[PDB]
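S.K.: Let me give you the structure first, and then I'll get to my questions.
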Amino acid sequence: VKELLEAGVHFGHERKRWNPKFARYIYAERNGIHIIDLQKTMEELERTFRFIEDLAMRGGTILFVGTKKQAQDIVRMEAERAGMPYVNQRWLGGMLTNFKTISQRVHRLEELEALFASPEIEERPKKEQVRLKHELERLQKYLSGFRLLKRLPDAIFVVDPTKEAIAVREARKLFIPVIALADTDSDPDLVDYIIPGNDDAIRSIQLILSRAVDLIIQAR
Amino acid sequence: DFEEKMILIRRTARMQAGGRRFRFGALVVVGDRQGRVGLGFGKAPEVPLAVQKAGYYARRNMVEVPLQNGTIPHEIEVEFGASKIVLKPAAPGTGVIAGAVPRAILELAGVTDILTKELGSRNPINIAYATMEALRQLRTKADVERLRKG
Amino acid sequence: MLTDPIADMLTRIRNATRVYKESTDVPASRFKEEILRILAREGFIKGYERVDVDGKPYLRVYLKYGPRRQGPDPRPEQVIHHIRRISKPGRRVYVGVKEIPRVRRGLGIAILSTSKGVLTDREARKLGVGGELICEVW
RNA sequence: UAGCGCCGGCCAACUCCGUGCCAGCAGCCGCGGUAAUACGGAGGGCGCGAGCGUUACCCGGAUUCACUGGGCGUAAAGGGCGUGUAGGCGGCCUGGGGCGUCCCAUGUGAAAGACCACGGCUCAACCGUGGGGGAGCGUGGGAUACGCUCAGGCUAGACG
RNA sequence: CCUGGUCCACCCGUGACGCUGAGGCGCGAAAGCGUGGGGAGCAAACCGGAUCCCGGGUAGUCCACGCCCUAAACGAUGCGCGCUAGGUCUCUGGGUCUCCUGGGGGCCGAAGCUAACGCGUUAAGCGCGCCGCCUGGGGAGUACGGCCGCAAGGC
RNA sequence: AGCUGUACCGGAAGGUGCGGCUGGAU
């Protein structure tokens with residue numbers, strides 16, 4: 001401990017929002033809010049970190065998924081400080097189970113960007129330029145960062161398992177391990193390697209992601 | 001590498017403005033006669049396409065069967081929807097005593113000695129699903145031992 | 001009025017194991033203790049303990065599960081798939097030695113209340129006695 | 001000496017002519033108004049054969065009286081609602097009886113029939129010899145977990 | 001004024017005194033009957049008016065006794081007991097009082113169940129006890145026999 | 001809208017009393 005407490009890790013949600021399956025992680029209730037037991041936080045953190053370091057040294061890739069508001073930037077920055085892909089803008093329904101069809105769109109993206117890196121755009125009058133451009137910004141808005149995946153990942157990292165329930169389900173279906181920064185209002189059983197902490201509290205997300213990414217770096 | 005059996009093709013219709021649009025659904029089993037079974041239901045506008053899709057689903061959906069002496073380790077009763085399947089082990093030299101659908105499923109599993117019965121609803125799709133589920137739910141002496149004592 | 005205690009106990013075990021509870025409580029009695037020891041021996045449960053709840057004697061039963069499953073629905077494989085009551089009040093089922101059932105080709109067990117105490121089907125066939133058929137478990 | 005039924009699906013086995021909702025077929029679904037693999041003949045084919053079919057009755061399929069083994073929100077089926085007699089069912093601990101229950105032994109479960117072994121008819125059917133098994137019931141012992149009865153106690157049901 | 005049911009707090013008292021219950025015995029909306037009274041309004045039948053309406057109107061609707069005893073008499077869900085996540089609203093008690101703990105009435109929903117719709121601690125889930133009922137539709141709640149009723153009719 | 005239990009129809013593709021239900025829309 002001693003790093004988490006100042007980062008606001010152990011602050012959950014109100015008595016209303018809690019998923020009962022999470023009852024084994026709540027220390028106590030204070031001022032109408034649920035507090036997460038820090039001991040088990042540390043223990044599960046150790047377990048997940050051991051997994052991550054072994055996987056990283058083995059050469060596995062982790063797809064970082066934070067599609068909340070305040071999670072976007074942290075996901076982006078932490079992913080950049082690695083070779084790992086990321087999805088932060090929007091999770092398209094079926095990135096994994098339908099990976100084949102998404103790959104076509106990825107190829108279209110790269111070929112279009114090559115077209116703009118070609119002197120052939122002097123054809124296709126300004127209207128055609130406009131259309132293909134609009135397409136390119138749309139693509140780079142969505143399919144950037146997901147680009148690196150030549151194939152299926154070896155793990156997944158989720159900010160809020162309930163917010164990204166679809167991605168969690170997709171990971172489950174394809175027998176891919178699940179890592180998430182779950183909180184009070186999330187189902188423990190769907191997440192293989194769990195970090196019981198905060199999904200709000202930008203400080204907590206920053207700390208967890210930074211530590212994990214640094215561990216990846218030192219183990220690469 | 002695998003064998004296919006085509007249980008049924010059906011032509012299901014839907015209304016549109018002054019017309020009927022048809023679609024073909026095919027029920028297909030894929031097996032190796034060694035204890036790997038797949039069941040696939042495939043929908044397509046054309047029969048061969050339905051067959052292809054059903055085969056694909058069957059391949060991407062595999063189940064392992066714990067065969068001893070080409071028979072089941074222990075009897076099972078499974079309900080799916082309104083239909084029930086009853087499977088019961090039999091001594092060698094009995095043969096597969098089953099309806100068309102269960103026989104088709106079980107033959108490709110390597111099963112050669114079994115006594116079966118269908119109860120309640122006898123919809124081929126549901127019977128097939130129930131059969132597959134029952135097969136998914138078989139345990140051996142070793143598995144039980146590991147679960148209990150280990 | 002609680003008509004049948006033994007059925008109640010079996011149902012409590014079943015209901016607990018369905019929601020993957022770690023422990024369950026059942027009102028204590030001698031005969032229930034016998035059934036529980038039989039279950040513990042055959043490794044269906046982690047084991048039972050004699051406890052007290054607000055003055056009343058209870059049995060605390062600790063349940064057993066398999067490893068965490070992979071893929072969708074990671075709920076662990078059950079150790080007690082199925083538990084019935086054979087001879088209910090209102091229809092008592094007694095069996096001789098020759099009529100003792102074989103459950104799941106022996107993978108499961110059947111609990112009997114013989115004159116020599118509470119035995120599994122195997123032990124009852126070995127000794128060579130019959131009695132009231134209590135329950136089947138697998 | 002070689003019949004006899006069948007060839008739309010169930011169900012093994014397909015073509016040509018003749019009539020063209022007529023003659024007719026059909027166990028159910030249903031066939032027949034220009035080929036109709038379903039009606040009637042012919043070639044071929046399928047099944048069984050000194051037999052092949054059709055009616056009548058019984059069991060099966062029928063889990064469609066469900067003990068094994070079903071149900072009652074809307075498919076058929078919760079009584080309009082109470083109070084209650086006969087009946088059915090019944091918490092925890094200790095002890096006696098041994099009715100139910102279980103076990104051992106013994107008697108009876110005739111002959112023929114069913115089952116197994118061997119044998120006689122040139123084989124079989126048929127038959128002979130031997131061996132078994134058998135629900136139930138009588139008798140004499142043993143067991144006491146559960147159900148039952150008594151005898152005592154307890155407070156978690158129920159009353160005050 | 002007389003009287004029934006029920007909830008909570010103390011945990012004081014008895015010591016299994018319990019649950020269901022075929023017959024029986026009671027209660028049973030509206031409509032309908034008998035013997036008396038009453039009748040403001042509303043209104044079957046009926047009398048008129050224009051082409052499903054508008055004017056009048058007896059029974060009845062009312063009371064007191066005695067009948068009748070049926071419905072979409074419905075939550076289309078028999079009664080009792082034990083077990084299985086919670087969230088929210090609302091009524092009524094207790095406390096140490098916006099936090100607990102009882103008992104009712106609704107909505108969403110774990111597991112589970114269901115043919116689906118949906119139910120889901122007020123189960124249609126998991127179990128035990130007792131009762132009533134079901135077995136293709138129409139003929140038909142018909143005929144016939146029997147028991148009730150003044151009759152309609154009911155079973 | 002529809003359905004239903006009783007009661008009555010000498011203008012009965014049915015109508016109206018009295019009451020109930022949603023297996024019908026604000």
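Residues are referred to by chain and number: the chain letter is A, B, ... according to the order shown in the structure tokens, the number counts from 1 in that chain, and ligands are numbered separately from 1 in the order shown.
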Identify every residue of chain C that has at least one atom within 8 Å of any atom of chain B, counting only C-alpha atoms, and report the result as a list in words.

M.R.: residues 42, 43, 44, 65, 66, 79, 104, 105 and 107 of chain C

S.K.: Excluding segment 133-145 of chain D and residues on its chain fewer than 5 positions from it, collect all residues at most 7 Å away from it, counting only C-alpha atoms (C1' of nucleotides), and give them as an NGL selection string.

M.R.: :C and (113-118)

S.K.: Write the residues of the preceding selection, restricted to N, CA, C and O atoms, as a CSV table (one decimal), in the first residue's frame.

M.R.:
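Generated file (again_19.csv):
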chain,number,residue,atom,x,y,z
C,113,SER,N,-30.5,-46.8,4.9
C,113,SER,CA,-30.6,-46.9,6.4
C,113,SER,C,-30.8,-48.4,6.7
C,113,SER,O,-32.0,-48.8,6.9
C,114,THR,N,-29.8,-49.2,6.8
C,114,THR,CA,-29.9,-50.6,7.2
C,114,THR,C,-29.9,-50.7,8.7
C,114,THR,O,-29.6,-49.8,9.4
C,115,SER,N,-30.3,-51.9,9.2
C,115,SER,CA,-30.4,-52.2,10.6
C,115,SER,C,-29.1,-52.1,11.3
C,115,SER,O,-29.0,-52.0,12.5
C,116,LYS,N,-28.0,-52.1,10.5
C,116,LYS,CA,-26.6,-52.0,11.0
C,116,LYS,C,-26.1,-50.6,10.9
C,116,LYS,O,-24.9,-50.4,10.9
C,117,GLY,N,-27.0,-49.6,10.7
C,117,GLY,CA,-26.6,-48.2,10.6
C,117,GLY,C,-26.8,-47.7,9.2
C,117,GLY,O,-27.4,-48.3,8.3
C,118,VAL,N,-26.3,-46.5,8.9
C,118,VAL,CA,-26.4,-45.8,7.6
C,118,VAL,C,-25.2,-46.2,6.8
C,118,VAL,O,-24.0,-45.8,7.1

S.K.: Could you find all residues in segment 29-132 of chain C that DSSP calls helix (DSSP H, G or I) from the backbone, and write them as a list in words?

M.R.: residues 30, 31, 32, 33, 34, 35, 36, 37, 38, 39, 40, 41, 97, 98, 99, 104, 105, 106, 121, 122, 123, 124, 125, 126 and 127 of chain C

S.K.: Restricting it to N, CA, C and O atoms, dump the selection as a compact mmCIF listing (two decimals), in the first residue's frame.

M.R.:
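Generated file (again_18.txt):
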# COMPACT_ATOMS: atom_id res chain seq x y z
N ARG C 30 -29.20 -36.23 14.88
CA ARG C 30 -28.32 -37.39 14.83
C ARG C 30 -28.27 -37.95 13.41
O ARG C 30 -27.19 -38.12 12.85
N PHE C 31 -29.46 -38.22 12.85
CA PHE C 31 -29.60 -38.92 11.58
C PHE C 31 -28.98 -38.10 10.45
O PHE C 31 -28.34 -38.67 9.56
N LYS C 32 -29.15 -36.77 10.52
CA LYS C 32 -28.55 -35.85 9.56
C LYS C 32 -27.03 -35.94 9.63
O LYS C 32 -26.37 -35.90 8.60
N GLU C 33 -26.49 -36.08 10.86
CA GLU C 33 -25.06 -36.21 11.07
C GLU C 33 -24.53 -37.46 10.38
O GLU C 33 -23.46 -37.42 9.76
N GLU C 34 -25.29 -38.57 10.47
CA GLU C 34 -24.93 -39.82 9.83
C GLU C 34 -24.85 -39.64 8.31
O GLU C 34 -23.86 -40.04 7.70
N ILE C 35 -25.86 -38.99 7.73
CA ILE C 35 -25.91 -38.74 6.30
C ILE C 35 -24.72 -37.88 5.89
O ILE C 35 -24.09 -38.14 4.86
N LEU C 36 -24.40 -36.87 6.72
CA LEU C 36 -23.34 -35.92 6.41
C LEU C 36 -21.97 -36.60 6.45
O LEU C 36 -21.14 -36.31 5.59
N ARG C 37 -21.76 -37.52 7.40
CA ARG C 37 -20.49 -38.23 7.48
C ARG C 37 -20.31 -39.12 6.26
O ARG C 37 -19.21 -39.21 5.71
N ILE C 38 -21.41 -39.75 5.81
CA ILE C 38 -21.40 -40.60 4.63
C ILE C 38 -21.00 -39.76 3.41
O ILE C 38 -20.16 -40.20 2.62
N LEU C 39 -21.57 -38.56 3.29
CA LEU C 39 -21.28 -37.66 2.19
C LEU C 39 -19.81 -37.24 2.21
O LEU C 39 -19.16 -37.23 1.16
N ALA C 40 -19.29 -36.91 3.40
CA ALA C 40 -17.93 -36.41 3.55
C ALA C 40 -16.91 -37.49 3.19
O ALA C 40 -15.89 -37.18 2.58
N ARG C 41 -17.20 -38.75 3.57
CA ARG C 41 -16.34 -39.88 3.29
C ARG C 41 -16.15 -40.06 1.78
O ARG C 41 -15.03 -40.26 1.32
N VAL C 97 -31.48 -56.96 -0.25
CA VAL C 97 -30.11 -56.93 -0.75
C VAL C 97 -30.13 -57.02 -2.28
O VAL C 97 -29.37 -56.33 -2.95
N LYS C 98 -31.04 -57.85 -2.81
CA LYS C 98 -31.10 -58.16 -4.23
C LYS C 98 -31.62 -56.98 -5.05
O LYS C 98 -31.41 -56.93 -6.26
N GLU C 99 -32.28 -56.02 -4.38
CA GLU C 99 -33.01 -54.97 -5.06
C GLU C 99 -32.29 -53.62 -4.95
O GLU C 99 -32.82 -52.61 -5.41
N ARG C 104 -25.63 -44.84 -11.80
CA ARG C 104 -24.69 -44.34 -12.79
C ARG C 104 -23.52 -45.31 -12.96
O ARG C 104 -22.37 -44.90 -13.02
N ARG C 105 -23.85 -46.61 -13.04
CA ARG C 105 -22.87 -47.69 -13.15
C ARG C 105 -21.84 -47.59 -12.03
O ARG C 105 -20.67 -47.93 -12.23
N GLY C 106 -22.27 -47.09 -10.87
CA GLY C 106 -21.44 -47.06 -9.67
C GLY C 106 -20.69 -45.74 -9.47
O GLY C 106 -20.07 -45.56 -8.43
N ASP C 121 -24.64 -47.93 -0.76
CA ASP C 121 -25.13 -49.10 -1.47
C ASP C 121 -24.05 -50.18 -1.52
O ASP C 121 -24.34 -51.36 -1.32
N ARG C 122 -22.80 -49.76 -1.77
CA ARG C 122 -21.65 -50.65 -1.89
C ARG C 122 -21.47 -51.45 -0.60
O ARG C 122 -21.38 -52.67 -0.65
N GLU C 123 -21.43 -50.74 0.54
CA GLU C 123 -21.18 -51.35 1.84
C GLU C 123 -22.33 -52.28 2.22
O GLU C 123 -22.10 -53.32 2.82
N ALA C 124 -23.56 -51.88 1.85
CA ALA C 124 -24.75 -52.64 2.17
C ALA C 124 -24.76 -53.96 1.40
O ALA C 124 -25.14 -55.00 1.95
N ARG C 125 -24.32 -53.92 0.13
CA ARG C 125 -24.22 -55.11 -0.71
C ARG C 125 -23.11 -56.02 -0.19
O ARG C 125 -23.23 -57.24 -0.26
N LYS C 126 -22.03 -55.41 0.34
CA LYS C 126 -20.88 -56.14 0.85
C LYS C 126 -21.28 -56.91 2.11
O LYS C 126 -21.02 -58.11 2.20
N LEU C 127 -21.91 -56.21 3.07
CA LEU C 127 -22.33 -56.81 4.32
C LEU C 127 -23.41 -57.87 4.08
O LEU C 127 -23.33 -58.96 4.64

S.K.: Select, as a PDB file with N, CA, C and O atoms (P, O5', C5', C4', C3', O3' and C1' of nucleotides), in the first residue's frame, those residues of chain E with any atom no more than 12 Å from chain B (distances computed using only C-alpha atoms (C1' of nucleotides)).

M.R.:
ATOM      1  P     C E 113     -33.193 -24.331 -15.204  1.00  0.00           P
ATOM      2  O5'   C E 113     -34.773 -24.130 -15.237  1.00  0.00           O
ATOM      3  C5'   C E 113     -35.622 -24.781 -14.272  1.00  0.00           C
ATOM      4  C4'   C E 113     -37.004 -24.174 -14.289  1.00  0.00           C
ATOM      5  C3'   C E 113     -37.689 -24.147 -15.644  1.00  0.00           C
ATOM      6  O3'   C E 113     -38.296 -25.406 -15.913  1.00  0.00           O
ATOM      7  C1'   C E 113     -37.948 -22.047 -14.570  1.00  0.00           C
ATOM      8  P     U E 114     -38.329 -25.980 -17.409  1.00  0.00           P
ATOM      9  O5'   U E 114     -39.374 -25.023 -18.138  1.00  0.00           O
ATOM     10  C5'   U E 114     -40.746 -24.957 -17.704  1.00  0.00           C
ATOM     11  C4'   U E 114     -41.498 -23.905 -18.485  1.00  0.00           C
ATOM     12  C3'   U E 114     -41.261 -23.884 -19.985  1.00  0.00           C
ATOM     13  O3'   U E 114     -41.941 -24.929 -20.667  1.00  0.00           O
ATOM     14  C1'   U E 114     -41.244 -21.673 -19.149  1.00  0.00           C
ATOM     15  P     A E 115     -41.160 -25.816 -21.751  1.00  0.00           P
ATOM     16  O5'   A E 115     -41.559 -25.120 -23.128  1.00  0.00           O
ATOM     17  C5'   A E 115     -40.623 -24.995 -24.214  1.00  0.00           C
ATOM     18  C4'   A E 115     -41.257 -24.231 -25.350  1.00  0.00           C
ATOM     19  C3'   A E 115     -41.394 -22.728 -25.136  1.00  0.00           C
ATOM     20  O3'   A E 115     -40.199 -22.053 -25.512  1.00  0.00           O
ATOM     21  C1'   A E 115     -43.467 -23.610 -25.863  1.00  0.00           C
ATOM     22  P     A E 116     -39.337 -21.256 -24.412  1.00  0.00           P
ATOM     23  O5'   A E 116     -39.776 -19.740 -24.640  1.00  0.00           O
ATOM     24  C5'   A E 116     -39.571 -19.085 -25.908  1.00  0.00           C
ATOM     25  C4'   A E 116     -40.802 -18.306 -26.316  1.00  0.00           C
ATOM     26  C3'   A E 116     -41.180 -17.133 -25.418  1.00  0.00           C
ATOM     27  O3'   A E 116     -40.481 -15.956 -25.809  1.00  0.00           O
ATOM     28  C1'   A E 116     -43.092 -18.472 -25.809  1.00  0.00           C
TER      29        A E 116
END

S.K.: Which parts of segment 74-108 of chain B does DSSP call strand (DSSP E or B) when run on the backbone here, written out as a list in words?

M.R.: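 Everything in segment 74-108 of chain B that counts as strand (DSSP E or B) is residues 76, 77, 78, 79, 80, 83, 84, 85, 86, 87, 88, 89, 95, 96 and 97 of chain B.
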
S.K.: Set out as a Markdown table a contact list for chain E and chain A with a cut-off of 10 Å, giving each residue of chain E that qualifies its closest atom pair and distance in Å to one decimal, counting only C-alpha atoms (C1' of nucleotides), ordered by chain and rising residue number.

M.R.:
| residue | atom | partner | partner_atom | distance |
| --- | --- | --- | --- | --- |
| E:85 | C1' | A:20 | CA | 6.3 |
| E:86 | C1' | A:20 | CA | 6.7 |
| E:87 | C1' | A:16 | CA | 6.5 |
| E:88 | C1' | A:16 | CA | 9.2 |
| E:110 | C1' | A:20 | CA | 9.0 |

S.K.: Residues within 12 Å of residue 25 of chain E, please, as a list in words. Count only C-alpha atoms (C1' of nucleotides); anything in the same chain fewer than 5 positions from it doesn't count.

M.R.: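 Everything that qualifies: residues 82, 83, 84 and 85 of chain D.
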
S.K.: Find the residues in chain E near chain C: any atom within 10 Å counts, using only C-alpha atoms (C1' of nucleotides). Write them as a list in words.

M.R.: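 Every residue of chain E that passes the 10 Å test is in residues 18, 19, 80, 81, 82, 83, 84, 85, 110, 111, 112, 126, 127, 128 and 129 of chain E.
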
S.K.: Compile the contact shell of residue 8 of chain E as a list in words: residues with an atom at most 8 Å away, counting only C-alpha atoms (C1' of nucleotides), same-chain residues fewer than 6 positions apart removed.

M.R.: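 My reading of the contact set: residues 93, 94 and 102 of chain E.
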
S.K.: Excluding segment 42-49 of chain E and any residue of its chain fewer than 2 positions from it, enumerate the residues within 10 Å of it, using only C-alpha atoms (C1' of nucleotides), and give them as a list in words.

M.R.: residues 54, 55, 56, 57, 58, 59, 60 and 61 of chain E; 7, 8, 9, 16, 17 and 18 of chain F
